[PDB]
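Participant:
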Amino acid sequence: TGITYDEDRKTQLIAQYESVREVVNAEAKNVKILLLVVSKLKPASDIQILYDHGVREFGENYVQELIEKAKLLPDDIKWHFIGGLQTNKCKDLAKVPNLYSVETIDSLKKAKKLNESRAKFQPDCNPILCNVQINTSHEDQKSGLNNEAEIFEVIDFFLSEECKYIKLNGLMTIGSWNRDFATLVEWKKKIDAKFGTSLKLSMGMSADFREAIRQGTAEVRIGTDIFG
Ligand SMILES: *Cc1c(COP(=O)(O)O)cnc(C)c1O
């Protein structure tokens, strides 16, 4: 049956979502890109609209909010967890079967906890794709790595034979408030050179996604421009 929704809202949200997709695509041609639809704090009905339209990759920031939404909505959604990740919440997150991606690995202890919890609670699911989150701000932020030695230790773990239930996909930055995107591109260059990787970048939100695309992102993460 699905979550019931208003048709004027349906028409409006579909229109906004298509308008963004068209711009992502036109920027990408002048230079696919993943358009991650960020639905954090938006109602399950709004997700249902876009799901019915054909969208599958949705980004959420709060652990309990994601777990409940995942139960309410179809199981072939690919959820991305893109908010603050606490070591003591990896077990709850690793229980969601269709947890497709976590983009906020910012410590070795978190990577290790997530791998272990996933081995424990959903061994038979596809490994969670992970981005390592970097503080590109050159200031001091609550989240994101900045020390080269500690970033390399995290990548090293992900490439080890022990890291079986999560898989290194890329790097992620929320940036700052484009030199942030240039510094994540430089981190990709160093990491790729040292370890043999070819990391995907996740950078670009509603205010700055056009620049992100222009500087080589593989994924932009858009909330406000779509759900408006
Ligand atoms: C909220 C959020 C987004 C979307 O931000 P908008 O300005 O609404 O497009 C993208 N990435 C992360 C990590 C976020 O928390």
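If you use the deposited numbering, the sequence shown corresponds to residues 3 to 33, 41 to 186, 196 to 246, in order.
Here a beta-carbon is modelled for each residue, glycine too, at the ideal position from N, C-alpha and C.
Quick check on DSSP: helix, strand or coil for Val46?
Facilitator: Three-state DSSP puts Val46 in a strand.
Participant: How do the region 46-55 and the region 3-15 stand: do at least 3 beta-carbon pairs fall below 8 Å, yes or no?
Facilitator: Flag = yes, the region 46-55 and the region 3-15 touch.
Participant: What's the call for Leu219, buried or exposed, on a 16-neighbour Cβ count within 10 Å?
Facilitator: It counts as buried.
Participant: Are there 16 or more other CB atoms within 10 angstroms of the CB of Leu217, so buried, or fewer, so exposed?
Facilitator: Under this definition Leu217 is a buried residue.
Participant: Below 9 Å between beta carbons: does that hold for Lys122 and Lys87?
Facilitator: No, Cβ-Cβ distance for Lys122 and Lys87 is not below 9 Å.
Participant: How would you call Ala211, buried or exposed, if buried means at least 16 neighbouring beta carbons within 10 angstroms?
Facilitator: By the neighbour-count rule (16 or more Cβ atoms within 10 Å), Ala211 is not buried but exposed.
Participant: According to the neighbour-count rule (16 or more other Cβ atoms, all chains shown, within 10 Å of its Cβ), is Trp205 buried or exposed?
Facilitator: Result: buried.
Participant: Report buried or exposed for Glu157, applying the criterion of at least 16 other Cβ atoms within 10 angstroms of its Cβ.
Facilitator: Exposed.
Participant: Look at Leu168 and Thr215 and say whether their C-beta atoms are less than 9 Å apart.
Facilitator: Cβ atoms of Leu168 and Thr215: closer than 9 Å.
Participant: Out of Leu102, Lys49, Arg23, point me to the one whose CA is closest to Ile42's CA.
Facilitator: Here the closest residue by C-alpha is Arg23.
Participant: Can you tell me which of the three DSSP states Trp186 falls into?
Facilitator: Here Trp186 sits in coil by DSSP.
Participant: Output the distance between the C-alpha atoms of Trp186 and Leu202, rounded to the nearest integer angstrom.
Facilitator: Computed Cα separation, rounded: 15 Å.
Participant: Give a single yes or no on whether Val47 has its beta carbon closer than 8 Å to a heavy atom of ligand 1.
Facilitator: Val47 Cβ: within cutoff of ligand 1.
Participant: Would the region 24-32 count as touching the region 72-82 if we require 3 or more Cβ pairs under 8 Å?
Facilitator: No, because fewer than three Cβ pairs between the region 24-32 and the region 72-82 fall closer than 8 Å, the two stretches do not touch.
Participant: Less than 8 Å between the CB of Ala225 and some heavy atom of ligand 1, yes or no?
Facilitator: Yes; taking the cut-off as 8 Å, the Cβ of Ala225 has a heavy atom of ligand 1 nearer than that.
Participant: Exposed or buried, which one is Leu50 when buried takes at least 16 other CB atoms within 10 Å?
Facilitator: Burial call: exposed.
Participant: Beta carbon of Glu237, beta carbon of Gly184: below 9 Å?
Facilitator: Cβ distance not < 9 Å, so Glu237 and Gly184 don't count as in contact.
Participant: Can you list, in chain order, the residues of its chain with a C-beta nearer than 8 Å to that of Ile58? Leave out the 5 residues immediately preceding and following it.
Facilitator: Around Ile58: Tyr7, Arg11, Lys12, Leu15, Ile16.
Participant: Any heavy atom of ligand 1 within a distance shorter than 8 Å of the CB on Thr113?
Facilitator: Yes - ligand 1 has a heavy atom lying nearer than 8 Å to the Cβ of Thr113.
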